[PDB]
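# Got a sequence here, can you model it:
(chains A and B)
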Amino acid sequence: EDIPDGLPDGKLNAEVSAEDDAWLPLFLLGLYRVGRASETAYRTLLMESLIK
RNA sequence: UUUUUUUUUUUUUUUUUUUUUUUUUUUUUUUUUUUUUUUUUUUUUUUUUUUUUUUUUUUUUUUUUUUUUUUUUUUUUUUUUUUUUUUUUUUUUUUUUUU
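Residues are numbered from 1 along each chain as shown, chains lettered A, B, ... in the order given. You can find the structure just below:
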């Protein structure tokens, strides 16, 4: 269901990686769970993410 | 290995003794750490007796409203990758015993 014209405002391009797929989608999906937390003491989910 | 009082020279056995002694008593007197005399509330000028009082007052109550120091919405293990579950294990051993 290709979206209508709401294309985001991009920025400049950094150094080309083409290899970070081993962590970057996992990092975003785990950051979703970290954002779902509500206690600062329960921010050990972030530490578990970094350990992972 | 050997041993088994952290016993022992032989003597001895009151951390007793010159002799004399025995109130860490005594000059003789004495014996309220009493006393000039006379006194005896560390009472008193006369008044006086709420460290009461201007009058008025008397929630150190009140603008009107109000009355979870509740609430975006959604929610409700300050659970979870999967797998697991002696903060057990080389093997051999098992008085931190022995000449």
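# If you count neighbours, what's buried in stretch A:31-42?
residue A:34 (16 or more other Cβ atoms under 10 Å). Yep, even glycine has a C-beta here, placed from its N, CA and C like the rest.
# Do me a favour and get the end-to-end distance for that stretch?
From its first residue to its last, stretch A:31-42 covers 14 Å (Cα to Cα, to the nearest Å).
# So what touches it?
A:43, A:45-46, A:49 (Cβ atoms under 8 Å, 6 or more residues apart in numbering).
# Out of the residues you listed, list just those in strands.
Assignment to strands by DSSP state E places none of the contacts of stretch A:31-42 there.
# Save those as CSV, and put in distance to RNA strand B and neighbour count too.
Conversion of the contacts of stretch A:31-42 to CSV gives the following (distance: Cβ to the nearest atom of the strand, whole Å; neighbours: other Cβ atoms under 10 Å):
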residue, distance to RNA strand B, neighbour count
A:43, 10, 12
A:45, 6, 14
A:46, 12, 15
A:49, 10, 15
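# Can you pick out the most distant pair from those residues?
Largest separation among those by Cβ to Cβ: A:43 and A:49, giving 10.2 Å.
# How about the residues of chain A by RNA strand B?
With Cβ under 7 Å from any atom of the strand as the criterion, chain A comes near RNA strand B at residues A:39, A:41-42, A:45, A:48, A:52.
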